[PDB]
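Data first, discussion second: the structure below is written as structure tokens.
A, B, ... follow the sequence lines: proteins, then strands. Residue 1 opens every chain. All values below were derived from every heavy atom in this structure, side-chain atoms included, with hydrogens, water molecules and symmetry-related copies excluded.
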Amino acid sequence: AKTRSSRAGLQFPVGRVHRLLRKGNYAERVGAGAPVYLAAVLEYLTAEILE
DNA sequence: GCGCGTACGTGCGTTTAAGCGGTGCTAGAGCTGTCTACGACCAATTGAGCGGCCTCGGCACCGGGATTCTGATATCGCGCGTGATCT
């Protein structure tokens with residue numbers, strides 16, 4: 001699978017989250033797992049609200 | 001506004017443990033050196049996401065109907081008071 005969400009088994013965009021973390025002036029560098037973790041958390045909260 | 005009653009406040013006595021000074025021990029926070037692997041950066045490219053258009057059906061509108069339901073009165077039942085009868 002190409003998309004990083006598919007690798008992480010998520011419906012939210014890991015690539016977009018990584019890009020925002022980088023172009024958000026949050027830190028000099030952004031780990032590889034931070035976008036995955038944040039996408040998973042956002043997906044969980046979205047599902048929790050939508051249920 | 002009035003009246004009650006009781007529950008905090010003020011004060012004195014007793015008790016507890018906070019506080020201060022002192023010494024000891026070591027746990028971990030900080031610093032230093034070294035090294036590796038993770039991420040930024042770059043290039044290529046292709047595919048996921050977005051804009052737009054179309055179809056359709058979920059829901060907003062309107063009309064008619066069922067359903068509470070809120071308030072009063074009144075009827076009926078129950079309770080209290082007064083009158084009549086019996087003991």
Q) Of the candidate nucleotides B:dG39, B:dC50, B:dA48, which contains the atom at the shortest distance from the side chain of A:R16? A) B:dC50
Q. Between CZ of A:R7 and NZ of A:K2, what distance do you get to the nearest 0.5 Å?
A. 8.5 Å
**Q.** Closest listed nucleotide, where the reference is the side chain of A:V30 and the choices are B:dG39, B:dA40, B:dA48
**A.** B:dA40
Q: Check the distance between B:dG39's P and A:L21's CG and give it to me in whole angstrom.
A: 12 Å
**Q.** Closest heavy-atom pair and its distance - A:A8, A:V14
**A.** CB-CG2, 4.4 Å
Q: Starting at NE2 of A:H18, measure out to NZ of A:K23 and round the result to the nearest 0.5 Å.
A: 9.0 Å
Q.
In this structure, how many angstroms lie between the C1' atom of B:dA48 and the NE2 atom of A:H18, rounded?
A. 18 Å
Q: Please report the closest heavy-atom contact between A:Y26 and A:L21, naming both atoms and the distance.
A: CD1-O, 3.5 Å
Q) How close or far is atom P of B:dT46 from atom CZ of A:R4, stated in whole angstroms? A) 19 Å
Q. With a 4.0 Å cut-off on heavy atoms, is A:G31 in touch with a base, just the backbone sugar-phosphate, or nothing at all?
A. sugar-phosphate
Q | Whether A:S5 side chain and A:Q11 backbone form a donor-acceptor pair below 3.5 Å | A | no
Q. Roughly, in whole Å, what's the span from CZ in A:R19 to P in B:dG49?
A. 12 Å
Between the protein and nucleotides 41-43 of chain B, are there any N/O to N/O pairs under 3.5 Å, and if so, what are the atom names and distances?
none

Q | A:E28 CD - B:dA40 P separation (whole Å) | A | 9 Å
(Q) Rounding to an integer number of Å, can you tell me how far A:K2 NZ sits from B:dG49 P? (A) 15 Å
Q) To the nearest 0.5 Å, what is the distance between CD (A:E51) and CD1 (A:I49)? A) 12.0 Å
